[PDB]
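K.L.:
Mind folding the following:
(one chain, ligands or ions: 1)
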Amino acid sequence: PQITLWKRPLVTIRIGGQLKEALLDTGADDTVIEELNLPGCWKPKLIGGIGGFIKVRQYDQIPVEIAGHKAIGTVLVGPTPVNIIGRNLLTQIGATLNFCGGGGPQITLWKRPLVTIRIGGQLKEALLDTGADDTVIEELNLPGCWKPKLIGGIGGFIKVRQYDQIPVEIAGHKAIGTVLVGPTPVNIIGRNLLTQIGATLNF
Ligand SMILES: CCCC[C@@H](CN[C@@H](CCCC)C(=O)N[C@@H](CCC(N)=O)C(=O)N[C@@H](CCCNC(N)=[NH2+])C(N)=O)NC(=O)[C@@H](NC(=O)[C@@H](NC(C)=O)[C@@H](C)O)[C@@H](C)CC
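P.N.:
Numbers count the residues shown, from 1 in each chain. Below you will find the coordinate block:
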């Protein structure tokens, strides 16, 4: 299918014999599912997100059916806020990111989808994150008026400054919209701007 990003890219998955809902997340290295029992041996691991680090159980070689496409790989189980399918399984089902419906660059997901953006007259690297509702940029002295906001994800919440109607060029594509500034480890381009550049998931 081709999936646009006007809404969250939520799909049904089958895992351990049971159906769950999960978000197709290009900003996630790994697949993370809410606490559940899985048949297997597991081992403890720690993973991080926008809000810090959490402890998870790592299960290897778990079969997962994702909107009808088969994958067999690593699944992490823990207190994630949202079930997410990350790049480790997206690559298995042949998922790519495509601009302008496939007329623009195609980005594979073997590595993190990092691209060059321009914002406030600065060039920066940013992650294309289909699991992010909003765009979050590293501490930057952006001029303008703003309002406080808290945003969350794996690990909890951070406080950010919300600026509206900020122009942002993404791999040469112009966009304009809301940008959140705060202490993120990685600059993230979220759906609010991805939709403006015609980005789709395809598999
Ligand atoms: C769980 C909530 C949904 C998915 C998540 C994916 N975001 C990426 C951002 C990148 C880090 C800042 C992420 O956490 N990725 C993790 C997922 C966990 C994982 N293991 O894959 C990751 O790749 N972590 C790497 C660390 C990043 C660096 N890795 C690297 N360079 N190889 C890791 N291995 O631990 N989205 C979010 O965190 C966003 N949250 C949201 O969109 C919504 N919030 C919630 C609570 O649902 C919205 C209502 O605010 C943030 C950015 C605000 C817009």
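K.L.:
Just list whatever residues bridge to the residue in the chain that the ligand sits nearest to.
P.N.:
Relative to the ligand, the nearest point of the chain is residue 153 (2.2 Å; C-beta to the nearest ligand atom). For the C-beta atoms, the positions are set from N, CA and C on the backbone; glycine is no exception. Judged by DSSP bridges, the bridge partners of residue 153 are residue 156.
K.L.:
Ok, residue 200 next?
P.N.:
residue 98.
K.L.:
so who does it touch?
P.N.:
Counting by C-beta atoms under 8 Å, 6 or more residues apart in numbering, residue 200 makes contact with 2, 3, 4, 5, 97, 98, 101, 102.
K.L.:
What separation do you get for it and residue 126?
P.N.:
Distance of residue 200 to residue 126, given as C-beta to C-beta, to the nearest Å: 18 Å.
K.L.:
Alpha carbons of the helix or strand hosting residue 76, as PDB, please.
P.N.:
Assessed by DSSP states H and E, residue 76 sits inside strand 69-77. Only the C-alpha atoms of strand 69-77 are listed here, as PDB (Å, rounded to 0.1, in the frame of the first residue of the first chain):
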ATOM      1  CA  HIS A  69       3.200  -8.700   5.300                       C
ATOM      2  CA  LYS A  70       5.400 -11.200   7.100                       C
ATOM      3  CA  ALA A  71       8.500 -10.200   9.200                       C
ATOM      4  CA  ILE A  72      10.500 -12.300  11.700                       C
ATOM      5  CA  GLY A  73      12.800 -10.300  14.000                       C
ATOM      6  CA  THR A  74      13.500  -8.600  17.200                       C
ATOM      7  CA  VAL A  75      10.600  -7.200  19.300                       C
ATOM      8  CA  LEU A  76      11.200  -5.200  22.400                       C
ATOM      9  CA  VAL A  77       8.500  -5.300  25.100                       C
END
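K.L.:
Spell out which parts of this protein neighbour the ligand.
P.N.:
Listed as neighbours of the ligand in the chain under the rule C-beta under 6 Å from any ligand atom: 25, 27-30, 32, 47-50, 80-82, 84, 86, 112, 129, 131-134, 136, 151-154, 184-186, 188, 190.
K.L.:
Swap in 5 Å and give it another go.
P.N.:
27-30, 47-50, 81-82, 86, 131-134, 151-154, 186 (C-beta under 5 Å from any ligand atom).
K.L.:
are any of the residues you listed buried, and which?
P.N.:
27-28, 30, 47, 49-50, 82, 86, 131-132, 134, 151, 153-154 (16 or more other C-beta atoms under 10 Å).
K.L.:
Among these, which lie within helices?
P.N.:
Among those, DSSP state H puts none in helices.
K.L.:
For residue 116, state which of those residues is nearest.
P.N.:
Nearest to residue 116 among those: residue 27, at 16.6 Å, using C-beta to C-beta.
K.L.:
what's the closest non-adjacent residue to that closest one?
P.N.:
In space, and not counting its chain neighbours, residue 27 is closest to residue 129: 2.9 Å by C-beta to C-beta, 6 or more residues apart in numbering.
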